[PDB]
file protein.pdb (PDB, C-alpha atoms)
ATOM      1  CA  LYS B   2      31.491 -44.129  67.402
ATOM      2  CA  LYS B   3      32.761 -43.134  63.952
ATOM      3  CA  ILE B   4      35.303 -40.362  63.225
ATOM      4  CA  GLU B   5      33.661 -36.953  63.716
ATOM      5  CA  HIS B   6      34.426 -34.022  61.414
ATOM      6  CA  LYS B   7      34.067 -30.320  62.237
ATOM      7  CA  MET B   8      35.229 -26.861  61.148
ATOM      8  CA  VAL B   9      37.100 -24.575  63.569
ATOM      9  CA  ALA B  10      37.917 -20.924  62.804
ATOM     10  CA  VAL B  11      41.618 -20.400  63.647
ATOM     11  CA  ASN B  12      44.268 -17.777  62.745
ATOM     12  CA  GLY B  13      42.437 -16.544  59.621
ATOM     13  CA  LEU B  14      41.478 -20.053  58.470
ATOM     14  CA  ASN B  15      38.458 -22.331  58.608
ATOM     15  CA  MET B  16      40.226 -25.503  59.728
ATOM     16  CA  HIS B  17      38.895 -29.015  59.240
ATOM     17  CA  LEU B  18      39.294 -31.183  62.329
ATOM     18  CA  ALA B  19      38.827 -34.962  62.458
ATOM     19  CA  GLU B  20      38.167 -36.339  65.946
ATOM     20  CA  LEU B  21      37.786 -39.731  67.636
ATOM     21  CA  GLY B  22      37.632 -40.827  71.273
ATOM     22  CA  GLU B  23      37.384 -39.263  74.726
ATOM     23  CA  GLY B  24      39.936 -38.537  77.477
ATOM     24  CA  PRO B  25      43.338 -36.781  77.307
ATOM     25  CA  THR B  26      43.911 -34.953  73.995
ATOM     26  CA  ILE B  27      46.462 -36.146  71.448
ATOM     27  CA  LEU B  28      47.065 -33.765  68.542
ATOM     28  CA  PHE B  29      48.226 -35.488  65.332
ATOM     29  CA  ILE B  30      49.947 -33.353  62.648
ATOM     30  CA  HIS B  31      50.385 -34.701  59.079
ATOM     31  CA  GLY B  32      52.996 -33.904  56.424
ATOM     32  CA  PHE B  33      53.480 -33.728  52.642
ATOM     33  CA  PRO B  34      51.571 -34.631  50.519
ATOM     34  CA  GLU B  35      49.184 -36.016  53.108
ATOM     35  CA  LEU B  36      46.022 -35.268  55.113
ATOM     36  CA  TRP B  37      44.353 -35.896  58.496
ATOM     37  CA  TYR B  38      43.569 -39.273  56.887
ATOM     38  CA  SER B  39      47.184 -40.403  57.287
ATOM     39  CA  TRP B  40      46.427 -40.932  60.999
ATOM     40  CA  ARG B  41      43.456 -43.294  60.414
ATOM     41  CA  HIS B  42      45.079 -46.288  62.176
ATOM     42  CA  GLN B  43      46.536 -44.366  65.139
ATOM     43  CA  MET B  44      43.280 -42.485  65.822
ATOM     44  CA  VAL B  45      41.454 -45.818  66.277
ATOM     45  CA  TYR B  46      44.249 -47.473  68.318
ATOM     46  CA  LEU B  47      44.565 -44.562  70.769
ATOM     47  CA  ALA B  48      40.800 -43.874  71.008
ATOM     48  CA  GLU B  49      40.170 -47.510  71.974
ATOM     49  CA  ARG B  50      42.698 -47.069  74.808
ATOM     50  CA  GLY B  51      41.090 -43.999  76.427
ATOM     51  CA  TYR B  52      42.509 -40.994  74.541
ATOM     52  CA  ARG B  53      40.895 -38.255  72.444
ATOM     53  CA  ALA B  54      42.574 -38.262  69.025
ATOM     54  CA  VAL B  55      42.405 -34.990  67.106
ATOM     55  CA  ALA B  56      43.780 -34.608  63.557
ATOM     56  CA  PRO B  57      43.463 -31.417  61.484
ATOM     57  CA  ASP B  58      44.033 -30.786  57.812
ATOM     58  CA  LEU B  59      46.745 -28.125  57.854
ATOM     59  CA  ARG B  60      46.775 -24.716  56.153
ATOM     60  CA  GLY B  61      46.377 -25.226  52.377
ATOM     61  CA  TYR B  62      45.410 -28.913  52.709
ATOM     62  CA  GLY B  63      42.222 -30.926  52.268
ATOM     63  CA  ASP B  64      39.064 -29.451  53.775
ATOM     64  CA  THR B  65      40.887 -26.534  55.487
ATOM     65  CA  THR B  66      40.133 -23.188  53.800
ATOM     66  CA  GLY B  67      41.180 -19.538  53.985
ATOM     67  CA  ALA B  68      44.848 -19.662  52.997
ATOM     68  CA  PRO B  69      45.875 -17.430  50.066
ATOM     69  CA  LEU B  70      47.287 -19.910  47.528
ATOM     70  CA  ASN B  71      48.672 -16.972  45.499
ATOM     71  CA  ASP B  72      50.900 -15.830  48.392
ATOM     72  CA  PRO B  73      53.392 -18.520  49.562
ATOM     73  CA  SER B  74      54.757 -16.091  52.218
ATOM     74  CA  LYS B  75      51.616 -16.887  54.262
ATOM     75  CA  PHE B  76      52.756 -20.498  54.636
ATOM     76  CA  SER B  77      55.761 -19.593  56.801
ATOM     77  CA  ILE B  78      56.643 -21.678  59.866
ATOM     78  CA  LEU B  79      55.365 -18.751  62.018
ATOM     79  CA  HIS B  80      51.921 -18.793  60.358
ATOM     80  CA  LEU B  81      51.838 -22.598  60.716
ATOM     81  CA  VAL B  82      52.667 -22.661  64.447
ATOM     82  CA  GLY B  83      50.181 -19.784  64.837
ATOM     83  CA  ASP B  84      47.462 -22.041  63.374
ATOM     84  CA  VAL B  85      48.296 -24.837  65.842
ATOM     85  CA  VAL B  86      48.447 -22.584  68.942
ATOM     86  CA  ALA B  87      45.064 -21.047  68.026
ATOM     87  CA  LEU B  88      43.663 -24.534  67.335
ATOM     88  CA  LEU B  89      44.729 -25.838  70.770
ATOM     89  CA  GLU B  90      43.188 -22.815  72.513
ATOM     90  CA  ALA B  91      39.905 -23.551  70.701
ATOM     91  CA  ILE B  92      39.663 -27.355  70.978
ATOM     92  CA  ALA B  93      41.574 -28.088  74.215
ATOM     93  CA  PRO B  94      40.615 -25.243  76.615
ATOM     94  CA  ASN B  95      41.020 -27.360  79.787
ATOM     95  CA  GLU B  96      44.437 -28.864  79.158
ATOM     96  CA  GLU B  97      47.381 -26.503  79.634
ATOM     97  CA  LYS B  98      49.569 -29.164  77.981
ATOM     98  CA  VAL B  99      48.597 -31.813  75.395
ATOM     99  CA  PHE B 100      50.337 -34.751  73.705
ATOM    100  CA  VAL B 101      51.591 -34.084  70.163
ATOM    101  CA  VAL B 102      52.316 -36.681  67.457
ATOM    102  CA  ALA B 103      53.606 -35.460  64.074
ATOM    103  CA  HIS B 104      55.219 -36.513  60.766
ATOM    104  CA  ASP B 105      57.296 -34.798  58.026
ATOM    105  CA  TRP B 106      56.162 -31.132  57.608
ATOM    106  CA  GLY B 107      53.982 -31.753  60.677
ATOM    107  CA  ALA B 108      57.116 -32.756  62.602
ATOM    108  CA  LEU B 109      58.857 -29.542  61.527
ATOM    109  CA  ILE B 110      55.839 -27.561  62.795
ATOM    110  CA  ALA B 111      55.918 -29.581  66.056
ATOM    111  CA  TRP B 112      59.634 -28.835  66.658
ATOM    112  CA  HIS B 113      58.871 -25.106  66.369
ATOM    113  CA  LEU B 114      55.714 -25.401  68.489
ATOM    114  CA  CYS B 115      57.977 -26.844  71.203
ATOM    115  CA  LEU B 116      60.581 -24.060  70.733
ATOM    116  CA  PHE B 117      58.048 -21.215  70.689
ATOM    117  CA  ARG B 118      55.549 -22.577  73.246
ATOM    118  CA  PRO B 119      56.906 -25.468  75.388
ATOM    119  CA  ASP B 120      54.203 -24.563  77.935
ATOM    120  CA  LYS B 121      51.629 -26.090  75.522
ATOM    121  CA  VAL B 122      53.132 -29.573  75.003
ATOM    122  CA  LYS B 123      53.457 -32.330  77.627
ATOM    123  CA  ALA B 124      55.317 -34.830  75.403
ATOM    124  CA  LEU B 125      56.145 -35.213  71.706
ATOM    125  CA  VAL B 126      56.386 -38.126  69.274
ATOM    126  CA  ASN B 127      58.015 -36.957  66.033
ATOM    127  CA  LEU B 128      58.314 -39.103  62.904
ATOM    128  CA  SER B 129      60.760 -38.888  59.945
ATOM    129  CA  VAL B 130      62.066 -35.320  60.316
ATOM    130  CA  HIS B 131      64.760 -34.788  62.954
ATOM    131  CA  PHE B 132      65.354 -31.386  64.579
ATOM    132  CA  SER B 133      66.585 -28.980  61.902
ATOM    133  CA  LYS B 134      69.524 -27.070  63.369
ATOM    134  CA  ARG B 135      69.744 -23.720  61.554
ATOM    135  CA  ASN B 136      72.732 -23.546  59.196
ATOM    136  CA  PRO B 137      74.171 -20.011  59.574
ATOM    137  CA  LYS B 138      75.640 -20.083  56.038
ATOM    138  CA  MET B 139      72.534 -20.687  53.887
ATOM    139  CA  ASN B 140      68.887 -21.780  53.797
ATOM    140  CA  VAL B 141      67.655 -25.364  53.275
ATOM    141  CA  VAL B 142      66.721 -24.836  49.598
ATOM    142  CA  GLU B 143      70.177 -23.461  48.708
ATOM    143  CA  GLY B 144      71.934 -26.124  50.811
ATOM    144  CA  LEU B 145      70.133 -29.082  49.236
ATOM    145  CA  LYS B 146      70.432 -27.619  45.720
ATOM    146  CA  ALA B 147      74.217 -27.352  46.215
ATOM    147  CA  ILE B 148      74.312 -31.071  47.074
ATOM    148  CA  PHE B 149      71.660 -32.606  44.777
ATOM    149  CA  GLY B 150      71.410 -30.077  41.938
ATOM    150  CA  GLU B 151      68.659 -28.182  40.127
ATOM    151  CA  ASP B 152      66.305 -31.183  39.672
ATOM    152  CA  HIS B 153      66.033 -31.830  43.444
ATOM    153  CA  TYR B 154      62.334 -31.711  44.372
ATOM    154  CA  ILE B 155      62.611 -28.826  46.864
ATOM    155  CA  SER B 156      64.352 -26.731  44.183
ATOM    156  CA  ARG B 157      61.817 -27.662  41.458
ATOM    157  CA  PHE B 158      59.009 -26.787  43.913
ATOM    158  CA  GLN B 159      60.194 -23.151  44.255
ATOM    159  CA  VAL B 160      58.540 -21.156  41.443
ATOM    160  CA  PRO B 161      54.717 -21.001  41.812
ATOM    161  CA  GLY B 162      52.867 -22.744  38.969
ATOM    162  CA  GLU B 163      55.855 -24.744  37.689
ATOM    163  CA  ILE B 164      55.451 -28.096  39.483
ATOM    164  CA  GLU B 165      51.657 -27.642  39.308
ATOM    165  CA  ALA B 166      51.931 -27.539  35.493
ATOM    166  CA  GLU B 167      54.201 -30.606  35.563
ATOM    167  CA  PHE B 168      51.627 -32.575  37.602
ATOM    168  CA  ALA B 169      48.582 -31.329  35.616
ATOM    169  CA  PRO B 170      48.563 -33.824  32.703
ATOM    170  CA  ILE B 171      49.634 -36.653  35.058
ATOM    171  CA  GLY B 172      46.740 -36.256  37.522
ATOM    172  CA  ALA B 173      46.702 -36.376  41.329
ATOM    173  CA  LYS B 174      46.246 -40.169  41.590
ATOM    174  CA  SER B 175      49.407 -41.102  39.646
ATOM    175  CA  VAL B 176      51.489 -38.405  41.385
ATOM    176  CA  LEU B 177      50.316 -39.556  44.833
ATOM    177  CA  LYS B 178      50.754 -43.277  44.113
ATOM    178  CA  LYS B 179      54.315 -42.625  42.881
ATOM    179  CA  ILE B 180      55.177 -40.547  45.978
ATOM    180  CA  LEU B 181      53.413 -42.688  48.635
ATOM    181  CA  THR B 182      54.931 -45.971  47.370
ATOM    182  CA  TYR B 183      58.473 -44.543  47.018
ATOM    183  CA  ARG B 184      61.165 -46.528  48.858
ATOM    184  CA  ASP B 185      64.606 -45.375  47.601
ATOM    185  CA  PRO B 186      66.845 -43.394  50.039
ATOM    186  CA  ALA B 187      67.644 -40.796  47.329
ATOM    187  CA  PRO B 188      65.647 -37.538  47.223
ATOM    188  CA  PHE B 189      62.832 -37.048  44.697
ATOM    189  CA  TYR B 190      63.887 -35.633  41.320
ATOM    190  CA  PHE B 191      61.503 -33.760  38.994
ATOM    191  CA  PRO B 192      63.377 -32.883  35.759
ATOM    192  CA  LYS B 193      61.456 -30.371  33.630
ATOM    193  CA  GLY B 194      58.983 -32.031  31.241
ATOM    194  CA  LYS B 195      59.928 -35.532  32.441
ATOM    195  CA  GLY B 196      56.964 -35.905  34.839
ATOM    196  CA  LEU B 197      57.496 -38.913  37.126
ATOM    197  CA  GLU B 198      60.110 -40.670  34.919
ATOM    198  CA  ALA B 199      63.019 -40.031  37.334
ATOM    199  CA  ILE B 200      61.334 -41.730  40.313
ATOM    200  CA  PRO B 201      62.181 -45.468  40.598
ATOM    201  CA  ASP B 202      59.464 -48.044  41.331
ATOM    202  CA  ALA B 203      59.735 -50.547  44.185
ATOM    203  CA  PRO B 204      58.439 -54.144  43.887
ATOM    204  CA  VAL B 205      54.617 -54.025  44.038
ATOM    205  CA  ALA B 206      54.362 -56.397  47.039
ATOM    206  CA  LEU B 207      56.130 -53.773  49.195
ATOM    207  CA  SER B 208      53.217 -51.297  48.861
ATOM    208  CA  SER B 209      50.399 -53.687  49.844
ATOM    209  CA  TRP B 210      49.880 -51.481  52.943
ATOM    210  CA  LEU B 211      48.208 -48.944  50.630
ATOM    211  CA  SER B 212      44.818 -50.086  49.316
ATOM    212  CA  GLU B 213      43.197 -48.637  46.183
ATOM    213  CA  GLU B 214      40.479 -47.134  48.404
ATOM    214  CA  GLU B 215      43.078 -45.414  50.595
ATOM    215  CA  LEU B 216      44.925 -44.098  47.522
ATOM    216  CA  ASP B 217      41.599 -42.841  46.125
ATOM    217  CA  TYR B 218      40.957 -40.804  49.278
ATOM    218  CA  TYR B 219      44.178 -38.790  48.774
ATOM    219  CA  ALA B 220      43.673 -38.561  44.986
ATOM    220  CA  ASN B 221      40.085 -37.243  45.165
ATOM    221  CA  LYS B 222      41.068 -34.575  47.697
ATOM    222  CA  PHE B 223      44.172 -33.306  45.862
ATOM    223  CA  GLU B 224      42.322 -33.297  42.523
ATOM    224  CA  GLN B 225      39.880 -30.860  44.203
ATOM    225  CA  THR B 226      42.440 -28.648  45.989
ATOM    226  CA  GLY B 227      45.402 -28.939  43.626
ATOM    227  CA  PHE B 228      48.937 -29.141  45.084
ATOM    228  CA  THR B 229      49.686 -25.404  45.532
ATOM    229  CA  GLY B 230      48.785 -25.129  49.252
ATOM    230  CA  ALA B 231      50.980 -28.121  50.113
ATOM    231  CA  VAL B 232      53.903 -27.058  47.898
ATOM    232  CA  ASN B 233      53.839 -23.478  49.242
ATOM    233  CA  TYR B 234      55.379 -24.802  52.514
ATOM    234  CA  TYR B 235      58.618 -25.505  50.615
ATOM    235  CA  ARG B 236      58.371 -22.089  48.904
ATOM    236  CA  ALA B 237      58.387 -20.488  52.383
ATOM    237  CA  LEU B 238      61.635 -22.267  53.360
ATOM    238  CA  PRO B 239      63.858 -19.261  52.456
ATOM    239  CA  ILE B 240      61.833 -16.861  54.653
ATOM    240  CA  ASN B 241      61.610 -19.528  57.406
ATOM    241  CA  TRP B 242      65.416 -19.467  57.548
ATOM    242  CA  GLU B 243      65.447 -15.663  58.044
ATOM    243  CA  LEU B 244      62.562 -15.667  60.549
ATOM    244  CA  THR B 245      64.028 -18.373  62.838
ATOM    245  CA  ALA B 246      67.359 -16.614  63.574
ATOM    246  CA  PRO B 247      66.239 -15.715  67.147
ATOM    247  CA  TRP B 248      66.290 -19.453  68.027
ATOM    248  CA  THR B 249      69.946 -20.148  67.147
ATOM    249  CA  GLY B 250      71.376 -22.148  70.060
ATOM    250  CA  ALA B 251      67.949 -22.669  71.665
ATOM    251  CA  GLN B 252      66.992 -26.125  72.973
ATOM    252  CA  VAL B 253      63.734 -28.068  72.771
ATOM    253  CA  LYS B 254      62.826 -28.691  76.426
ATOM    254  CA  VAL B 255      59.873 -31.058  75.805
ATOM    255  CA  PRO B 256      60.200 -34.850  76.412
ATOM    256  CA  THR B 257      60.558 -36.343  72.919
ATOM    257  CA  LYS B 258      60.510 -39.703  71.136
ATOM    258  CA  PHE B 259      61.833 -39.784  67.547
ATOM    259  CA  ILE B 260      60.987 -42.552  65.050
ATOM    260  CA  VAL B 261      62.257 -42.948  61.456
ATOM    261  CA  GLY B 262      62.121 -45.600  58.711
ATOM    262  CA  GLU B 263      65.387 -47.237  57.616
ATOM    263  CA  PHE B 264      64.955 -46.097  53.981
ATOM    264  CA  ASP B 265      63.448 -42.643  54.641
ATOM    265  CA  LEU B 266      65.081 -40.165  52.207
ATOM    266  CA  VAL B 267      65.148 -37.515  54.980
ATOM    267  CA  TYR B 268      67.222 -39.933  57.107
ATOM    268  CA  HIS B 269      69.725 -40.132  54.206
ATOM    269  CA  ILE B 270      70.365 -36.395  53.800
ATOM    270  CA  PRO B 271      74.162 -35.979  54.176
ATOM    271  CA  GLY B 272      75.065 -35.468  57.845
ATOM    272  CA  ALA B 273      71.628 -36.532  59.138
ATOM    273  CA  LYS B 274      72.661 -39.939  60.550
ATOM    274  CA  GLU B 275      75.680 -38.409  62.323
ATOM    275  CA  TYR B 276      73.551 -35.579  63.741
ATOM    276  CA  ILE B 277      70.860 -37.997  64.986
ATOM    277  CA  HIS B 278      73.073 -40.703  66.540
ATOM    278  CA  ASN B 279      76.351 -39.038  67.569
ATOM    279  CA  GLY B 280      75.218 -36.339  70.022
ATOM    280  CA  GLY B 281      74.079 -33.258  68.073
ATOM    281  CA  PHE B 282      70.392 -34.209  68.205
ATOM    282  CA  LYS B 283      70.527 -34.867  71.980
ATOM    283  CA  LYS B 284      72.262 -31.477  72.467
ATOM    284  CA  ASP B 285      69.397 -29.604  70.770
ATOM    285  CA  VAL B 286      66.753 -31.856  72.343
ATOM    286  CA  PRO B 287      68.018 -32.751  75.876
ATOM    287  CA  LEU B 288      64.887 -34.763  76.823
ATOM    288  CA  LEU B 289      65.124 -36.932  73.685
ATOM    289  CA  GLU B 290      64.576 -40.663  74.294
ATOM    290  CA  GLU B 291      66.591 -43.367  72.541
ATOM    291  CA  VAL B 292      66.006 -42.927  68.791
ATOM    292  CA  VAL B 293      63.856 -45.594  67.080
ATOM    293  CA  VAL B 294      64.808 -46.755  63.579
ATOM    294  CA  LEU B 295      62.251 -49.032  61.913
ATOM    295  CA  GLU B 296      64.030 -51.849  60.078
ATOM    296  CA  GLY B 297      62.806 -52.375  56.512
ATOM    297  CA  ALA B 298      60.513 -49.312  56.515
ATOM    298  CA  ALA B 299      60.548 -46.152  54.377
ATOM    299  CA  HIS B 300      59.139 -42.595  54.763
ATOM    300  CA  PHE B 301      55.391 -43.071  55.359
ATOM    301  CA  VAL B 302      55.610 -45.027  58.616
ATOM    302  CA  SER B 303      52.157 -44.265  60.076
ATOM    303  CA  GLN B 304      50.572 -46.071  57.103
ATOM    304  CA  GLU B 305      53.360 -48.559  56.292
ATOM    305  CA  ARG B 306      53.847 -49.701  59.905
ATOM    306  CA  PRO B 307      50.588 -48.729  61.615
ATOM    307  CA  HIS B 308      50.787 -51.203  64.536
ATOM    308  CA  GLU B 309      54.397 -50.290  65.405
ATOM    309  CA  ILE B 310      53.747 -46.542  65.219
ATOM    310  CA  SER B 311      50.497 -46.842  67.229
ATOM    311  CA  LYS B 312      52.142 -48.956  69.949
ATOM    312  CA  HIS B 313      55.224 -46.696  70.120
ATOM    313  CA  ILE B 314      52.924 -43.695  70.673
ATOM    314  CA  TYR B 315      50.848 -45.484  73.339
ATOM    315  CA  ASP B 316      53.851 -46.841  75.275
ATOM    316  CA  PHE B 317      55.561 -43.425  75.293
ATOM    317  CA  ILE B 318      52.612 -41.281  76.427
ATOM    318  CA  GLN B 319      51.785 -43.875  79.124
ATOM    319  CA  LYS B 320      55.092 -42.854  80.776
ATOM    320  CA  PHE B 321      53.543 -39.506  81.813
TER     321      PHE B 321
END

call {"tool": "encode", "arguments": {"input": "protein.pdb", "output": "structure tokens"}}
result
Amino acid sequence: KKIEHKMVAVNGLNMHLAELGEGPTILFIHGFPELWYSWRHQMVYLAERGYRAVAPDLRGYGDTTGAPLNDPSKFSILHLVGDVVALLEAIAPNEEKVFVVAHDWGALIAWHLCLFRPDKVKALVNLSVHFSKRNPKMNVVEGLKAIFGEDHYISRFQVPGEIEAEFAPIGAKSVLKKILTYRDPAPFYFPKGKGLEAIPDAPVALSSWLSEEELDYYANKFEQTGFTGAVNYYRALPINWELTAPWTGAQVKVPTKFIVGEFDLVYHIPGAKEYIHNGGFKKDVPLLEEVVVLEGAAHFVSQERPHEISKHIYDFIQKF
């Protein structure tokens, strides 16, 4: 069978769901600036081994409609987890708990899904983004701006319309190619009026995992939707910080496997490596397995290392 596509009405949205396979449900959750399509390899691998792979486009992404692009406050972590809980109730009505696999912004959603509703998740595979322990002093935007300055991507993303206008003459294809093929451990910089000039290029042979046809899929979709929906997630970071105060000191009680690429910029945020490897991560996530670091890999591991990611998912969920 080929990948099936449907629309599901959830939490004020009409959500696009891609689906492949039969058996126990695995929910895949993409990140920025990606789509359901990022899971193409894993959907096939897991479906051929007796699982039902389900991959939505998130709020403000791809074929999912209903989100007010003009109101970034509606892209809060609470709205996002609300979407996922409602989705699961609709598409998995006979499984109290399901498997969850997620990456980047999807991983951040998955952490909070597990904090808010651990009764819904049997086991979790998170990629790239480690558990974000709430800093009582300041929000993520302010914290990263203090370290990396005004041109840091999360800071430049803040005012609605600004980064959109920067990307406009460049076009979705060039923006996406530059982002998807990025390999340097430093964060993205978007100096005003400089477009993509501040982002270094890696040797071309290192991005052979991304075909022109695959690039075109992302490009065509984001040229239709624009980038506002996706970028609004970062614009909600300040309110996310306020809204998540009730979960200070709370633990994720779901069995978890964490995987990250050696050169992933998120992995190189100051303090991240120490948090992940020296005990802090295990304290917040007591059922965390041994952390997996993919040698020679960068941020987009599901596409860059599809066999390794697929096998790591299969081997982990087989334990249950």

call {"tool": "residues_near_point", "arguments": {"input": "protein.pdb", "point": "(53.1, -44.9, 69.6)", "cutoff": "12 Å", "atoms": "only C-alpha atoms", "output": "NGL selection string"}}
result
:B and (27 or 29 or 40 or 42-44 or 46-47 or 50 or 100-103 or 124-128 or 257-260 or 293 or 302-303 or 306-320)

call {"tool": "write_last_selection", "arguments": {"input": "protein.pdb", "atoms": "C-alpha atoms", "output": "short mmCIF file (atom, residue, chain, number, x, y, z; two decimals), in the coordinates of the input"}}
result
data_model
loop_
_atom_site.label_atom_id
_atom_site.label_comp_id
_atom_site.auth_asym_id
_atom_site.auth_seq_id
_atom_site.Cartn_x
_atom_site.Cartn_y
_atom_site.Cartn_z
CA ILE B 27 46.46 -36.15 71.45
CA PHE B 29 48.23 -35.49 65.33
CA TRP B 40 46.43 -40.93 61.00
CA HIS B 42 45.08 -46.29 62.18
CA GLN B 43 46.54 -44.37 65.14
CA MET B 44 43.28 -42.48 65.82
CA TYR B 46 44.25 -47.47 68.32
CA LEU B 47 44.56 -44.56 70.77
CA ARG B 50 42.70 -47.07 74.81
CA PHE B 100 50.34 -34.75 73.70
CA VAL B 101 51.59 -34.08 70.16
CA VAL B 102 52.32 -36.68 67.46
CA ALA B 103 53.61 -35.46 64.07
CA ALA B 124 55.32 -34.83 75.40
CA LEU B 125 56.14 -35.21 71.71
CA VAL B 126 56.39 -38.13 69.27
CA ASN B 127 58.02 -36.96 66.03
CA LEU B 128 58.31 -39.10 62.90
CA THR B 257 60.56 -36.34 72.92
CA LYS B 258 60.51 -39.70 71.14
CA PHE B 259 61.83 -39.78 67.55
CA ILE B 260 60.99 -42.55 65.05
CA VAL B 293 63.86 -45.59 67.08
CA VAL B 302 55.61 -45.03 58.62
CA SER B 303 52.16 -44.26 60.08
CA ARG B 306 53.85 -49.70 59.90
CA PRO B 307 50.59 -48.73 61.62
CA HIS B 308 50.79 -51.20 64.54
CA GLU B 309 54.40 -50.29 65.40
CA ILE B 310 53.75 -46.54 65.22
CA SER B 311 50.50 -46.84 67.23
CA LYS B 312 52.14 -48.96 69.95
CA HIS B 313 55.22 -46.70 70.12
CA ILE B 314 52.92 -43.70 70.67
CA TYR B 315 50.85 -45.48 73.34
CA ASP B 316 53.85 -46.84 75.28
CA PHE B 317 55.56 -43.42 75.29
CA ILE B 318 52.61 -41.28 76.43
CA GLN B 319 51.78 -43.88 79.12
CA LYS B 320 55.09 -42.85 80.78
#

call {"tool": "residues_near_point", "arguments": {"input": "protein.pdb", "point": "(66.4, -39.9, 70.8)", "cutoff": "10 Å", "atoms": "only C-alpha atoms", "output": "PDB file with C-alpha atoms, in the frame of the given file"}}
result
ATOM      1  CA  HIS B 131      64.760 -34.788  62.954  1.00  0.00           C
ATOM      2  CA  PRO B 256      60.200 -34.850  76.412  1.00  0.00           C
ATOM      3  CA  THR B 257      60.558 -36.343  72.919  1.00  0.00           C
ATOM      4  CA  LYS B 258      60.510 -39.703  71.136  1.00  0.00           C
ATOM      5  CA  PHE B 259      61.833 -39.784  67.547  1.00  0.00           C
ATOM      6  CA  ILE B 260      60.987 -42.552  65.050  1.00  0.00           C
ATOM      7  CA  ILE B 277      70.860 -37.997  64.986  1.00  0.00           C
ATOM      8  CA  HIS B 278      73.073 -40.703  66.540  1.00  0.00           C
ATOM      9  CA  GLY B 280      75.218 -36.339  70.022  1.00  0.00           C
ATOM     10  CA  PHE B 282      70.392 -34.209  68.205  1.00  0.00           C
ATOM     11  CA  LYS B 283      70.527 -34.867  71.980  1.00  0.00           C
ATOM     12  CA  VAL B 286      66.753 -31.856  72.343  1.00  0.00           C
ATOM     13  CA  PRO B 287      68.018 -32.751  75.876  1.00  0.00           C
ATOM     14  CA  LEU B 288      64.887 -34.763  76.823  1.00  0.00           C
ATOM     15  CA  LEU B 289      65.124 -36.932  73.685  1.00  0.00           C
ATOM     16  CA  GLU B 290      64.576 -40.663  74.294  1.00  0.00           C
ATOM     17  CA  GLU B 291      66.591 -43.367  72.541  1.00  0.00           C
ATOM     18  CA  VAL B 292      66.006 -42.927  68.791  1.00  0.00           C
ATOM     19  CA  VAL B 293      63.856 -45.594  67.080  1.00  0.00           C
TER      20      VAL B 293
END

call {"tool": "closest_residue", "arguments": {"input": "protein.pdb", "among": "B:228, B:189, B:132, B:234", "to": "residue B:79", "atoms": "all atoms listed in the file"}}
result
B:234

call {"tool": "resolve_selection", "arguments": {"input": "protein.pdb", "expression": "the PyMOL selection byres ((chain B and resi 195) around 12)", "output": "ChimeraX atom specification"}}
result
/B:152,164,166-168,170-171,190-194,196-200

call {"tool": "residues_around", "arguments": {"input": "protein.pdb", "residues": "residue B:139", "least_positions_apart": "4", "cutoff": "10 Å", "atoms": "all atoms listed in the file", "output": "PDB file with C-alpha atoms, in the coordinates of the input"}}
result
ATOM      1  CA  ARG B 135      69.744 -23.720  61.554  1.00  0.00           C
ATOM      2  CA  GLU B 143      70.177 -23.461  48.708  1.00  0.00           C
ATOM      3  CA  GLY B 144      71.934 -26.124  50.811  1.00  0.00           C
ATOM      4  CA  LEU B 145      70.133 -29.082  49.236  1.00  0.00           C
ATOM      5  CA  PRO B 239      63.858 -19.261  52.456  1.00  0.00           C
ATOM      6  CA  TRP B 242      65.416 -19.467  57.548  1.00  0.00           C
ATOM      7  CA  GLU B 243      65.447 -15.663  58.044  1.00  0.00           C
TER       8      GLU B 243
END

call {"tool": "resolve_selection", "arguments": {"input": "protein.pdb", "expression": "the PyMOL selection byres ((chain B and resi 112-115) around 10)", "output": "MDAnalysis selection string"}}
result
chainID B and resid 78:79 81:83 85:86 101 103 106:111 116:125 127 130:133 245 248 252:257 286

call {"tool": "closest_residue", "arguments": {"input": "protein.pdb", "among": "B:305, B:165, B:105, B:72", "to": "residue B:209", "atoms": "all atoms listed in the file"}}
result
B:305

call {"tool": "resolve_selection", "arguments": {"input": "protein.pdb", "expression": "the PyMOL selection byres ((chain B and resi 141) around 12)", "output": "MDAnalysis selection string"}}
result
chainID B and resid 133:140 142:149 153 155:156 159 235:243 270

call {"tool": "atom_distance", "arguments": {"input": "protein.pdb", "atom1": "atom CA of residue B:26", "atom2": "atom CA of residue B:39"}}
result
17.9 Å

call {"tool": "atom_distance", "arguments": {"input": "protein.pdb", "atom1": "atom CA of residue B:221", "atom2": "atom CA of residue B:186"}}
result
27.9 Å

call {"tool": "closest_residue", "arguments": {"input": "protein.pdb", "among": "B:161, B:172, B:51, B:94", "to": "residue B:219", "atoms": "all atoms listed in the file"}}
result
B:172

call {"tool": "atom_distance", "arguments": {"input": "protein.pdb", "atom1": "atom CA of residue B:60", "atom2": "atom CA of residue B:19"}}
result
14.4 Å

call {"tool": "closest_residue", "arguments": {"input": "protein.pdb", "among": "B:74, B:62, B:48, B:22", "to": "residue B:244", "atoms": "all atoms listed in the file"}}
result
B:74

call {"tool": "decode", "arguments": {"input": "protein.pdb", "residues": "stretch 201-211 of chain B", "atoms": "C-alpha atoms", "output": "CSV table (one decimal), in the first residue's frame"}}
result
chain,number,residue,atom,x,y,z
B,201,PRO,CA,28.3,28.7,6.2
B,202,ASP,CA,28.1,26.0,3.5
B,203,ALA,CA,29.3,22.5,4.1
B,204,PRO,CA,31.0,20.4,1.4
B,205,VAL,CA,28.3,19.3,-1.2
B,206,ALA,CA,29.1,15.6,-0.8
B,207,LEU,CA,27.8,15.8,2.8
B,208,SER,CA,24.3,16.6,1.7
B,209,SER,CA,23.8,13.8,-0.8
B,210,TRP,CA,21.1,12.4,1.5
B,211,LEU,CA,18.8,15.2,0.3
